[PDB]
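Step one of this worksheet: look at the structure below.
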Amino acid sequence: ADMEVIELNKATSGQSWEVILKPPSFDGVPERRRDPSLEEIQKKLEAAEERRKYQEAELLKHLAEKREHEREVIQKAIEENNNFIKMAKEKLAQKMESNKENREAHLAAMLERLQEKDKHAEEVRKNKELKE
Amino acid sequence: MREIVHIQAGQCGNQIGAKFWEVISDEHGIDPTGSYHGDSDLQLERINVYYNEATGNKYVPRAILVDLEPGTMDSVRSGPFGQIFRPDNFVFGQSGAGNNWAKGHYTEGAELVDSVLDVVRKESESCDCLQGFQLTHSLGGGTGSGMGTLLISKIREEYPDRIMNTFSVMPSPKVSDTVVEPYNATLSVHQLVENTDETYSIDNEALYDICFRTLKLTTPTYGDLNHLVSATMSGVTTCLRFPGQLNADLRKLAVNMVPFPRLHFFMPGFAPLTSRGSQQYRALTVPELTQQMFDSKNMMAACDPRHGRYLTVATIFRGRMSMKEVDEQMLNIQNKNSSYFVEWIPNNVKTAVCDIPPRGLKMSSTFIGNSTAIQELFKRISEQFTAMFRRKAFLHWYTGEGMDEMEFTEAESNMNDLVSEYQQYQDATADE
Amino acid sequence: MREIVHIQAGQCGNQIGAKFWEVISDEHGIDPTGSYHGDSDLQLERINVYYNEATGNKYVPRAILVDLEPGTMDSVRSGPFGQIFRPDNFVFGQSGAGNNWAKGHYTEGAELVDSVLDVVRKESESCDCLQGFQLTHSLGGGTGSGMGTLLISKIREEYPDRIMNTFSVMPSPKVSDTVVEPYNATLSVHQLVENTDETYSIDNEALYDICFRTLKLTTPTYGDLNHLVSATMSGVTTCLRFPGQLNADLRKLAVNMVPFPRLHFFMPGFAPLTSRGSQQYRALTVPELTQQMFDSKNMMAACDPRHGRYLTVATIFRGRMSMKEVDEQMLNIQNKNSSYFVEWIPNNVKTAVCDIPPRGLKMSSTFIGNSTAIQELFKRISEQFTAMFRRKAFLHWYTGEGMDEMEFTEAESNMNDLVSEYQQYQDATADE
Amino acid sequence: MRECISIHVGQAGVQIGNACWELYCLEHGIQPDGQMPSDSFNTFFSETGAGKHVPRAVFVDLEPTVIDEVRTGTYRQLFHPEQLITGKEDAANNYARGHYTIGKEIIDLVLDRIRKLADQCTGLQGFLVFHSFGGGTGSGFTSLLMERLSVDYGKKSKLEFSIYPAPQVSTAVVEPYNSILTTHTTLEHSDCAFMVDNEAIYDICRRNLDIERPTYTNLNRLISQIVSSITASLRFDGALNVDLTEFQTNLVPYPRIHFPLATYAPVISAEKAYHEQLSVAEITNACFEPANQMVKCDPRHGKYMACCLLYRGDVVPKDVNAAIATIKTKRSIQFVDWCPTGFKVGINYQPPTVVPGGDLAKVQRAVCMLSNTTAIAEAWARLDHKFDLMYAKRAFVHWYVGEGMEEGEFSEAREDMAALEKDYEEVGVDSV
Amino acid sequence: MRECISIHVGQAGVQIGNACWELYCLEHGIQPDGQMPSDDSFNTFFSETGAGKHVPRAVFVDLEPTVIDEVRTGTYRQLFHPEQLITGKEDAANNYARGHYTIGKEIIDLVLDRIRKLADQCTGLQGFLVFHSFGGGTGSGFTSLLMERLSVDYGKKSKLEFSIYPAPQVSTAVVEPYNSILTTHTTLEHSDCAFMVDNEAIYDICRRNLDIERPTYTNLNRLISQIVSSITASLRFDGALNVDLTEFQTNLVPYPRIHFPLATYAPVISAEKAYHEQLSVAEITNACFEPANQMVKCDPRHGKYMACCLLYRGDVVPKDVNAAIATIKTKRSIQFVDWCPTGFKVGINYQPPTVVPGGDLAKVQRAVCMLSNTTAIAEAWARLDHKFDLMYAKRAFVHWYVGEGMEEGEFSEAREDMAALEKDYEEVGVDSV
Ligand SMILES: CC[C@]1(O)C[C@@H]2CN(CCc3c([nH]c4ccccc34)[C@@](C(=O)OC)(c3cc4c(cc3OC)N(C)[C@H]3[C@@](O)(C(=O)OC)[C@H](OC(C)=O)[C@]5(CC)C=CCN6CC[C@]43[C@@H]65)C2)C1
Ligand SMILES: Nc1nc2c(ncn2[C@@H]2O[C@H](COP(=O)(O)OP(=O)(O)OP(=O)(O)O)[C@@H](O)[C@H]2O)c(=O)[nH]1
Ligand SMILES: Nc1nc2c(ncn2[C@@H]2O[C@H](COP(=O)(O)OP(=O)(O)OP(=O)(O)O)[C@@H](O)[C@H]2O)c(=O)[nH]1
Ligand SMILES: Nc1nc2c(ncn2[C@@H]2O[C@H](COP(=O)(O)OP(=O)(O)O)[C@@H](O)[C@H]2O)c(=O)[nH]1
Ligand SMILES: Nc1nc2c(ncn2[C@@H]2O[C@H](COP(=O)(O)OP(=O)(O)O)[C@@H](O)[C@H]2O)c(=O)[nH]1
Ligand SMILES: [Mg+2]
Ligand SMILES: [Mg+2]
C-alpha cells in the first residue's frame, strides 16, 4: 500500500495538499430548457396573485350577498307587521261600521212597527166620527 | 241606565202608585213636605233614581199622575203624602174612558196623550242620566189598559234606548169592575208583549185569594189587595234604590231576567203576607222564608210555581240577617227542587241582601221569577176573552169607537202565541 | 402582526373580558389609574399587543365594550378595573336583546352594529400592524350569541386578511334555566364555523362540573367560575403577550393549530385547578403538572380527551424550572398513549416555557388542544336543539323577529356536518 | 328605563288595581300622595317636576262611582286627574254594549290619553291590562282597547290579568257569553294572559284564611299578593331576580298557548300561627297541591310544558335546590318530552310585604308558581259548556244582537275556543 | 476583486448572521465601528469607506422587523452601513406561499436593486453566501424567490447556501416539513452548493460537550458560526484550498443535483471542566469520522463516499497530519464510489481558532473542519419526505398554502423532485456504468 501526495498549492496564510490512498476503481462515459427566464417567473407570480386576490374577493361574494340577505330578512320583519296592522285596521273599521248599519237598521224597523200604529190610530177616527 | 221617571195611569194605577210612594217614602225617610228626616246616611243612596232634587232642602218624587177622570185626581192629595208631588205633572181629564179600552187607547186618550207626552221631556231632559220609565196601570179598566199602553207605545217611539218597566195589575172576575175586562186585558197584553222591556204581572185573583184565604178576610177591600201590592213593589224596586250591585239597574235586571224578548212577564212573590195596618207578627227566619218561593200561596200572580219551570229568578232579602245562611238555605231550594229550574240557563237564580226592610216587616223575602207557569194567567184571560168573543158580545162598545174585529183577533192570536212560547221553553231540555 | 383589538359582548362576555383585563394588567404591572408599577423591564416590551400607548406615563387597553343593556355598562367601572378603558369605547345600547338570538343578530343588533363598526375602525386605524380581533361572548344569551356573531361577520367582510379569534363561552342546562339556549348556540355555532379563524370553546357544563368534588365549592355564583376562565384566558394570554417565540402570533397559532378550515374549535385545558378562596401554597410538581392537563377533569370543554384524537396540541408552561423535565414528560406521556394523537400529523404536540411565572403559586400550565372529541359538545347542543325543534317549540320568538324556519335547519345541518367532519378525521388512519 | 303601563278596565280591573297599588306602594314605603324619603321601582311609577312619584297607570270604567271611590278614598291624589277615565252609563253586563255601543264613545279618548303617558317613557316594554271576564266593560271595552292598541302600538307586549267568573260570588247569567266573546277577539292580540278564578281564590280565603263570607277587599288582598309576585322582578333587582319578559319566553312556546297557572304559598291569616315559622321544603310541594292555585283544575291529570318558580325574602339556594329534588322523586309530575329543561327558578330579595289593616299574616318566605300546564283547558271546557247550553236555545242572544252584533259572531267565537281546546289537547301528544 | 456577498434571510439567517460577523470581527481586530488596529484577504468580506471604517459586505432581510431591529440597537449597529438591513411589517407566518408568493413579492424588487448597489462596489465578485432556515415562512419562501431572481439578475454567478434543517427539539412549527420540501425543490437548480445544519445534531453536542442542558440560539449560533468561519477559511484569509467559491463545486459537487456536503467540527471544548491537555492530531482527526461531532444526523458507515476536504485552523504541520491520516485509514468502515477516488484535498490555515470572549466556547491551539459529500445525507431527506407524505395524504394545513395562491399540484411536483433526488443519491451506489 502507498500514500501518494500531489501537493495542491502554497500561500502566506495557509497551505494545502491532495492525498490519494487507493486509485479510482472506474473511468467511463458518464463517469426545452431555457432556465430560469424572468418573463416566466413574473408570469407564475402574476398568476399566483391572480388566484390569491380572487379567493379573498370570492370570499367577499359569499359575505356581501349574505349580508344583503340579513338586510332583506329584517325588511321582511317589518313589512309582514305592516301588512298585518293594515289588515287589523281593515277588519276593525269594517266590523265597527257593520255593527253601525246593523243596529241603525233595526231602529228604523222598530220605528216602522210603532209608526204603523199611528196609521191605525188615523183609520180608527176615520171609521168613527159619526153625527148620522 | 241611571234615573227612573214614574207614571201613574187610571183609578187603580193612581191608587197603587200613590200607596207605593206612601211606603217607598217612609223607607228612605221622606216626610209629606218633600224634605228628608231619616236616621242614617244609607237611605238617600243616590235618591235621584225616584226622587227629583227640588229647589232647596226638598226632594219631590219624579212621578207623572195621569187619569181621564178627576175622581182619582182629588183623592190622594187630601189623604196621606199626596201633597208631595209637583203640581204641573197632575195631568187631569174631565171626560173619561168609562172602563173601555178603545176609548182610552183611541178616542179620549188621543186628546190627553200629547199633553202628558210634553210633561215628561221636562222631567227626563232635566235628568242628568236616564234609566227609563215605570208605569203603574191596571189591565181591566179604560185609562190604565187603554191610555197607559198608548203612552207606553208613544214614549218607546220617542225614547227607544231605555227600559219600559210596568206594574200590570191585570183583572180578575173574583174582584171585577166590569164584564169587558177580558177584552181590555187581551188588547193591552198584546200592546205590553210588543212595547215593554220588562213587566211585573200583578194578578188580582192572587191578591184576592191571599186576602180571602191566607189573610182570611170575609170581604176583601181594594185597600187590602193594594197593601200587599205596594209591599211587593217596595221589595221589587229595592235593588233599583239601594247599593246592592246585583241587577240594581233597570237594564242589568232585564239582561239577567229576560232570555227571549216576548217572555218578559214576571211572577212576583212576597213573604211574609201581612194584614193591612196591623200584624204584631211571629217573624220568619232565613230557612222559614226561603222555601216560600215554591208555595203558590205567596205568589202575586195566580200561577203554581211547581206547574212550570223557572227561566230566571231574582231573590231579594230585606233586613239584618246573616247572608252566609241566607245563600246556604237559598242553595237548598235548588239542589232539592232542580226540576223547576231550567238546566240550559246556569246559575239562573240570583240572591240579594239589603239592610232596609219594608213597612212593619222586620225581615222579608221577595222572589222576582220568570216562570213558564205564567202561561196559566194568560190562558185564564184568553179563556175569559174567547167566551165573550165566540158570542161576539159587547163588541159594539169597541167597534163604535172606531175599532175593527180583526184588531181583537190579532190581540188574541199574539197572546195564545205567547202561551205556546212559554210552553215551548217549559218542554225544552238541554239534550245530553 | 404586533397589535390586537379586543371586543366584549353581552353580560357574560363583559363580565369575563373585564375579569381577563383585571388579571392581565396585574400580570404585567399596571394599576387602576393607567400608570406602570411593575418590578422588571422584560414584561414591558410586549404590552403594545393588547394595550395602547397613551398620552403620558399610562397605557389604555385596546378593548371595545359592547352590550344592548346598560346593566353591564354601569358595573365594572364602579368596581376594580373599569375606568382604565377609553370612555368612547363604551358603545352600549338601551333596549336589550332579552336572551334572543334573532333580536341580537337582527332587530336590536342592526341599530348598534354600524355604531360599534366605527369604534373598531378608529382603534385599528391607530394600529401600526394589526394581528386580528378577539371576541369574548357567550352563545346562550342574545347580545353575545346574536350581536357578537353579527360583528364577527361584519368585521370579516371589512378586514378579510386578519385572524378572527373567539372566547365562545357556550351554554349548559346545569348552570342556566333559560330554555332557548340550544337555539341561540346552534345559530351562532353555524356563524362561528364560517366566520372565525380560531375559537376557544369554553363549555359552562365543564366549569360547572368544576364545583366541589375535588374542586372545593358547593355554592357558586359566576365570578368563582369566571376565576377559572380568566385563568384559562390569562393561560393562553402568555404567547403573543410575552417575549417568548412559540405561537407568538395570531396567524402562527392558526397555521400550527388548524389543519382543516372548519375544525378550528379548541378544547382548552388548565392546571393546577385552584379555588377562588383557598390556596394550594407550596405544592405541585412537574410530572404531576404534565399528568393533569391531559385528563377530562382539567378540560374547560366537557369532552373526554380519550374519547377522540388530538389533531394539534399547544402546551404552555408558566414556571421557572428546567425546560428539560418539562419536555422530558411531554415525549413520554405521548409514547404511553400514542393512540390519542394522529399519526398523520408529525410532532403535532408543541410545548412552550415562559420565565415569569404567576404570583398566586409558582406552578402554572395551559393546554390548547384541537381534539376530535369536541364533537361531543356539539352533539349535546344538537341533541338539546332537536328536542325543542322536532315539534317547533318557542320558534315564534324567532319567526316573529323576521327569521325563517329553514334558517334553523341549515344552522342545525351545518353543525351535524361539523360533528361528522370531526369523526371523519378521528376514524382516519395514515395507512393509505 | 323599561317602563310598564298598567291599564285597569271595569269594576274588577279598577278594584283589583287599587288593592295592588296599595301593596305596590307598601313594597317601597310610599305615602298616599307619593312621599318616600331616603331606584328600581321607577319602571312601574314615573316622577314629576315637583319631586313626587306619579303613576304610569290608567283606570277606565263606563260607570263613574267605582273610579270615584278611589279618587275620594284613602289613596287620594297620588295620581293626577287625566288617567282616571269615566263614562256615564255602564255596559250593563253585555259584551256588545261595552265593545260596540257605550265603549265606542270613550275609545278614542282613552287612545288619546294612552300616548300622553307612553310618550313620557324612555322605552316601554308593553302593557298590563287588568279586567273581568263576565263584566260588560271587562269583556267588551278591554277587547276593543286590546284590538285598537295592536294598531296604535303594533307588536308591543300585552300581558293581561283576566278574572274568571265564579257562580258563588256576585255575577250575571250572561257571564260565559261575555267570557267566550272577549277571549276570541283577544287571542291574536295579548302576548300573555294570567287567569284568576274567583271560585279558586274564594275557596282559599275561606279554607286557609277562615273568612266564611269574604268581600272583594279580602278577595283582592290575595290577588294583589300574586300580581305583586308576578311583577316585583321588574320593580326590584336582587342577586338573580329573573325578569318576567325573560321567562314569558320560557312559558309561551306557541302564540295561542299563553295561559299560565298562578299558585301561591304560604296562605296564613293574621290570627294564630306565630310559631312553626314555615320550612323551605313545605311551600315548594304546596305549589303542586291543587288547593293553593288561582285556577280550578287538576295539574296531576295534565302535562307540564313550563314551570316557573318565583320566591320572596328569606330563601337560600341549597334548600330550594333540595326542595325541587323532593318533588322530582316523591312526586309523579308528568313533564312533556319536548322541553327538559324543567323549572325556571327565581329568588327575590324583598321580604313578603302584607297590608297592616288587612287579614293575611307577615311571613319570612313566600313562593309563587307560573307553569304552563295542559290542565288550564279544563277551565275553558267549563266556560264553553255553559255557553253551548245557553246558545243552543239562543238565551239572552237578543241583548247582544240588539247592540248591533251578528249571530255568526257567537259561532265564530265558539269555533276559536273549539280550536284552542284542540290546541291544548294537541300539545300533550308526544312525538315518536 | 474576489469578494463574497453574504445574504441573510429569515429569523435564523439574521440571528446566525449576527454570530458569523462577530467571529469575523475578533479574528481581524475590527472593533464594532469598523476601525482596525493595523492579511490582504480580509477585503473579500469588508469594504473600506471614505471615513475609514470597514463595512461588511452583507445584506439582512426579514419580512418581520424586531429581529433586524435587534442588530440596529445592538453594539454592531455602526458596523453595518445604516440602510443595509431590509425589513417588512408582517412576517410570513411559517408559510412558504406567504414568504414566496405574497408578502415576499412586495420586498423582492427592493432587495435585488439593493444587492445591485453593494455588488457594484466589487471589481470581480465571486458569488453569494445565502443564510436561511428550512422551516420558517421567510428563509424557506423568500430565499427560494431571492435565489431564482439572483440566477436571472446575476446569471452564471456561483451561489452557495447555509440551510438550517428543522429539529422537533427547538421552537418549530407543525408545517416545517412542508416549507422544507417546497423550498429545496424550487432552490435546487439556483444553488451551486448547499451546507445543511441540523438543529437536532447541534443540540445533541452542547449538553454532551459544552455542558449546557437547555441552550438558547445565542449558544446554538455560537457553534454554527465556528463551522461557517471554518468553511470560509481561505475566503476570509489567503489560503490554498477553497480560495474562491467555485472551488467548492469542483472539489465537492459532482452533479448539479448532488450538492449537499456534510459538515463536522472538532474539538468541541467548554470552559467549565477544569484544564485538560492540548490534544492535537490522531485524536481530533478521527473525531471527524465519529458521527457524534457532525452537523447533520447521518451515519456514513453505509453511505458510499465521493470526496473529502479536511480543513484545519491553527498551528498544524503536514507531517503529523498525514501521520494522523495513516492511523485512521488502517481498518475503517469508509468506502468511496467506483469512479471518484479516495482523494481528500487536505488544507491547513496557520490562523488560531478564534472564540467569543463573552461566550461559552474555550480557546484551543488547533481546530479541524471536514467537508464530505456522502450518500448518507439522503437519510435526512428521507426523514423530511415521510413527514411531508404523512400530512399531505390527508391534505393537513394545505389550505393555508392554497389560500396564498399556491396550486395543489405544486406540492406533488415538489415531492416528485425529492422522490427523484432520493433516487439520484441511491443510484450512485452501484458498480458502475
Ligand atoms: C347563575 C349561575 C349559578 O352559578 C348557577 C345556579 C344559579 N346561581 C345562584 C345559586 C342558585 C342555584 N339554584 C338557585 C335557585 C334560586 C336562587 C339561586 C340559585 C344553584 C345553586 O344551588 O348553587 C349551589 C344551582 C342551580 C341548578 C343546579 C345546581 C345548582 O347548584 C350549583 N342544577 C344543576 C340545575 C338543574 O336545572 C339541573 O339540571 O340539575 C339536574 C336543577 O334541576 C333539577 C333539580 O332537576 C335545579 C336545582 C338542582 C333545579 C331547577 C332548575 N335550576 C337551574 C339550574 C339548576 C337548578 C346555582 C348561580
Ligand atoms: N276578584 C274580583 N272580582 C270582581 C271584582 N268586581 C267584580 N268582580 C267579578 O267580575 C265579574 C263582574 O264583572 P264587573 O267587573 O263587576 O262588570 P264591569 O267590568 O264593571 O262591566 P259593566 O259593570 O257591565 O259595565 C263577576 O265574576 C264578579 O264577581 C273585584 O273587585 N274583584
Ligand atoms: N440555529 C438556529 N435556528 C433557528 C434560529 N431561528 C430560528 N431557527 C430555527 O429555524 C426554524 C424556524 O424558521 P424561522 O427562521 O424562525 O422563521 P422565519 O425565517 O423568520 O420566517 P417567518 O417568521 O415565518 O416570517 C426552526 O427550526 C427554528 O428552531 C436561529 O437563530 N438559529
Ligand atoms: N188591586 C187593585 N185592583 C184594582 C183597583 N181598581 C181597579 N182594579 C182592577 O183593575 C180593573 C179596573 O181598572 P181601573 O184602573 O180601576 O179603571 P181605569 O181608571 O179606567 O184605568 C178591574 O179589574 C179591577 O178589579 C185597585 O184600586 N186595586
Ligand atoms: N361562565 C359564565 N357564564 C355566564 C355568565 N353570564 C352569563 N353566562 C351564561 O351565558 C348565557 C347567557 O349569556 P348572556 O351574556 O348573559 O346574555 P347576553 O347579555 O344577551 O349576551 C347562559 O348560558 C349563562 O349561563 C358569566 O358571567 N360567566
Ligand atoms: Mg261594573
Ligand atoms: Mg422569524
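Every chain in the C-alpha cells takes a letter, A first, then B, and so on in the order presented; its residues are numbered from 1, and the ligands are numbered from 1 following the presented order.
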Using only C-alpha atoms, find each residue of chain A with at least one atom at most 8 Å away from an atom of chain E; report its shortest atom-to-atom pair and that distance in Å (one decimal), sort the rows by chain and rising residue number, and return the result as JSON lines.
{"residue": "A:8", "atom": "CA", "partner": "E:240", "partner_atom": "CA", "distance": 7.4}
{"residue": "A:9", "atom": "CA", "partner": "E:240", "partner_atom": "CA", "distance": 5.2}
{"residue": "A:10", "atom": "CA", "partner": "E:240", "partner_atom": "CA", "distance": 5.7}
{"residue": "A:11", "atom": "CA", "partner": "E:239", "partner_atom": "CA", "distance": 5.7}
{"residue": "A:12", "atom": "CA", "partner": "E:238", "partner_atom": "CA", "distance": 7.0}
{"residue": "A:13", "atom": "CA", "partner": "E:238", "partner_atom": "CA", "distance": 5.4}
{"residue": "A:14", "atom": "CA", "partner": "E:349", "partner_atom": "CA", "distance": 4.0}
{"residue": "A:15", "atom": "CA", "partner": "E:240", "partner_atom": "CA", "distance": 5.0}
{"residue": "A:16", "atom": "CA", "partner": "E:347", "partner_atom": "CA", "distance": 4.0}
{"residue": "A:17", "atom": "CA", "partner": "E:346", "partner_atom": "CA", "distance": 5.4}
{"residue": "A:18", "atom": "CA", "partner": "E:345", "partner_atom": "CA", "distance": 4.3}
{"residue": "A:19", "atom": "CA", "partner": "E:343", "partner_atom": "CA", "distance": 5.4}
{"residue": "A:20", "atom": "CA", "partner": "E:343", "partner_atom": "CA", "distance": 4.6}
{"residue": "A:21", "atom": "CA", "partner": "E:342", "partner_atom": "CA", "distance": 6.0}
{"residue": "A:22", "atom": "CA", "partner": "E:342", "partner_atom": "CA", "distance": 5.9}
{"residue": "A:23", "atom": "CA", "partner": "E:341", "partner_atom": "CA", "distance": 5.9}
{"residue": "A:24", "atom": "CA", "partner": "E:341", "partner_atom": "CA", "distance": 4.2}
{"residue": "A:25", "atom": "CA", "partner": "E:338", "partner_atom": "CA", "distance": 4.5}
{"residue": "A:26", "atom": "CA", "partner": "E:339", "partner_atom": "CA", "distance": 4.2}
{"residue": "A:27", "atom": "CA", "partner": "E:339", "partner_atom": "CA", "distance": 5.7}
{"residue": "A:28", "atom": "CA", "partner": "E:433", "partner_atom": "CA", "distance": 7.0}
{"residue": "A:29", "atom": "CA", "partner": "E:433", "partner_atom": "CA", "distance": 7.8}
{"residue": "A:30", "atom": "CA", "partner": "E:433", "partner_atom": "CA", "distance": 7.4}
{"residue": "A:31", "atom": "CA", "partner": "E:339", "partner_atom": "CA", "distance": 5.9}
{"residue": "A:36", "atom": "CA", "partner": "E:152", "partner_atom": "CA", "distance": 6.6}
{"residue": "A:37", "atom": "CA", "partner": "E:152", "partner_atom": "CA", "distance": 6.4}
{"residue": "A:38", "atom": "CA", "partner": "E:152", "partner_atom": "CA", "distance": 6.4}
{"residue": "A:45", "atom": "CA", "partner": "E:101", "partner_atom": "CA", "distance": 6.3}
{"residue": "A:48", "atom": "CA", "partner": "E:405", "partner_atom": "CA", "distance": 4.8}
{"residue": "A:49", "atom": "CA", "partner": "E:405", "partner_atom": "CA", "distance": 6.2}
{"residue": "A:50", "atom": "CA", "partner": "E:405", "partner_atom": "CA", "distance": 7.7}
{"residue": "A:51", "atom": "CA", "partner": "E:405", "partner_atom": "CA", "distance": 5.3}
{"residue": "A:52", "atom": "CA", "partner": "E:405", "partner_atom": "CA", "distance": 4.0}
{"residue": "A:53", "atom": "CA", "partner": "E:405", "partner_atom": "CA", "distance": 7.8}
{"residue": "A:55", "atom": "CA", "partner": "E:403", "partner_atom": "CA", "distance": 7.1}
Near-ligand residues for ligand 5, threshold 7 Å, only C-alpha atoms and all ligand atoms, as JSON, numbers by chain: {"C": [9, 10, 11, 12, 13, 15, 16, 67, 97, 98, 99, 137, 138, 139, 140, 141, 142, 143, 144, 145, 169, 170, 171, 172, 175, 176, 181, 204, 222, 223, 225, 226]}
Could the residues in this selection be written to a file with C-alpha atoms, as a PDB file, in the first residue's frame?
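Once written, again16.pdb looks like this:
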ATOM      1  CA  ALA C   9     -70.171  41.191  24.006  1.00  0.00           C
ATOM      2  CA  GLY C  10     -73.154  40.827  26.366  1.00  0.00           C
ATOM      3  CA  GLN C  11     -73.448  40.249  30.158  1.00  0.00           C
ATOM      4  CA  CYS C  12     -71.135  37.150  30.115  1.00  0.00           C
ATOM      5  CA  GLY C  13     -68.604  38.493  27.579  1.00  0.00           C
ATOM      6  CA  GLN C  15     -68.229  40.059  32.942  1.00  0.00           C
ATOM      7  CA  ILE C  16     -65.279  37.946  31.591  1.00  0.00           C
ATOM      8  CA  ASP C  67     -73.891  45.401  25.201  1.00  0.00           C
ATOM      9  CA  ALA C  97     -81.790  41.524  23.222  1.00  0.00           C
ATOM     10  CA  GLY C  98     -83.684  39.665  26.007  1.00  0.00           C
ATOM     11  CA  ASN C  99     -81.749  36.351  25.617  1.00  0.00           C
ATOM     12  CA  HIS C 137     -69.048  36.445  24.063  1.00  0.00           C
ATOM     13  CA  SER C 138     -71.483  33.780  25.306  1.00  0.00           C
ATOM     14  CA  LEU C 139     -73.523  31.543  22.984  1.00  0.00           C
ATOM     15  CA  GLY C 140     -76.536  31.261  25.340  1.00  0.00           C
ATOM     16  CA  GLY C 141     -77.836  34.828  25.530  1.00  0.00           C
ATOM     17  CA  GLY C 142     -78.872  37.310  22.852  1.00  0.00           C
ATOM     18  CA  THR C 143     -76.204  40.055  22.811  1.00  0.00           C
ATOM     19  CA  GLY C 144     -73.175  37.715  22.808  1.00  0.00           C
ATOM     20  CA  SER C 145     -74.636  34.954  20.594  1.00  0.00           C
ATOM     21  CA  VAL C 169     -68.431  30.575  26.473  1.00  0.00           C
ATOM     22  CA  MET C 170     -71.243  28.326  25.184  1.00  0.00           C
ATOM     23  CA  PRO C 171     -74.419  27.312  27.271  1.00  0.00           C
ATOM     24  CA  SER C 172     -75.206  24.434  29.688  1.00  0.00           C
ATOM     25  CA  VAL C 175     -75.971  26.404  35.119  1.00  0.00           C
ATOM     26  CA  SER C 176     -78.837  28.268  33.340  1.00  0.00           C
ATOM     27  CA  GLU C 181     -80.171  28.420  24.785  1.00  0.00           C
ATOM     28  CA  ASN C 204     -70.005  26.125  31.044  1.00  0.00           C
ATOM     29  CA  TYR C 222     -70.432  33.116  38.263  1.00  0.00           C
ATOM     30  CA  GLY C 223     -67.284  35.004  39.360  1.00  0.00           C
ATOM     31  CA  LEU C 225     -66.345  30.045  37.610  1.00  0.00           C
ATOM     32  CA  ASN C 226     -65.133  33.283  35.926  1.00  0.00           C
TER      33      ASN C 226
END
Give the residues of chain B that lie within 10 Å of chain A; count only C-alpha atoms, and format the answer as a VMD selection string. chain B and resid 102 105 to 107 110 150 153 to 154 156 to 158 160 to 161 194 to 195 399 to 404 407
Kindly save the residues from that selection, with C-alpha atoms included, as a tab-separated table (two decimals), in the first residue's frame.
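File again26.tsv, as written:
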chain	number	residue	atom	x	y	z
B	102	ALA	CA	-160.95	51.63	22.67
B	105	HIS	CA	-156.35	53.88	23.68
B	106	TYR	CA	-158.06	55.86	20.86
B	107	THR	CA	-160.94	58.36	21.47
B	110	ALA	CA	-155.65	60.97	21.92
B	150	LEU	CA	-150.75	54.37	24.32
B	153	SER	CA	-146.08	52.97	22.66
B	154	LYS	CA	-145.52	56.76	22.25
B	156	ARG	CA	-140.99	53.81	23.21
B	157	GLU	CA	-141.17	55.63	19.80
B	158	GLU	CA	-139.54	58.78	21.33
B	160	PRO	CA	-136.02	53.76	22.00
B	161	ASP	CA	-132.82	53.22	24.08
B	194	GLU	CA	-144.51	44.27	21.97
B	195	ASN	CA	-143.76	47.57	23.77
B	399	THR	CA	-166.47	48.81	17.08
B	400	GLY	CA	-168.49	52.01	17.67
B	401	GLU	CA	-165.31	53.70	18.95
B	402	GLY	CA	-163.72	53.05	15.51
B	403	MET	CA	-162.02	49.68	16.29
B	404	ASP	CA	-162.06	46.61	13.98
B	407	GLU	CA	-157.82	44.09	15.89
Gap from atom CA of residue 372 of chain B to atom CA of residue 17 of chain B - Å, one decimal: 27.4 Å
From segment 214-429 of chain D, collect each residue whose DSSP state is strand (DSSP E or B) and return the set as a PyMOL selection string. chain D and resi 254+257+263-265+269+293+304+308-313+335+344-348+360+365-369+373
Using only C-alpha atoms and all ligand atoms, what are the residues with an atom within 6 Å of ligand 3, set out as number ranges by chain? E: 10-12, 15-16, 63, 91-94, 133, 135-139, 166-167, 170-172, 199, 217, 220-221
Distance of atom CA of residue 106 of chain E from atom CA of residue 40 of chain A, expressed in Å to one decimal place: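 We find that atom CA of residue 40 of chain A and atom CA of residue 106 of chain E lie 18.1 Å from each other.
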Can you pull out every residue from segment 121-271 of chain C that DSSP, working from the backbone, puts in helix (DSSP H, G or I), and format the result as a PyMOL selection string? chain C and resi 121-125+143-158+181-195+204-208+223-236+250-257
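The residues of chain C lying at most 7 Å from chain E, with only C-alpha atoms taken into account, are residues 1, 129, 246, 251, 252, 255, 256, 258, 259, 260, 323, 324, 344, 345, 346, 347, 348 and 430 of chain C.
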Starting from chain A, keep only residues with some atom at most 7 Å from an atom of chain D, counting only C-alpha atoms, and report them as a count of residues only. 8
Please write out the residues within 7 Å of ligand 2 as a ChimeraX atom specification, counting only C-alpha atoms and all ligand atoms. /D:9-13,15-16,61-63,90-94,98,131-139,163-166,169-171,198,216,219-220
Report the distance between atom CA of residue 323 of chain E and atom CA of residue 3 of chain A in Å, rounded to one decimal place.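 Atom-to-atom, atom CA of residue 323 of chain E and atom CA of residue 3 of chain A are spaced 10.5 Å apart.
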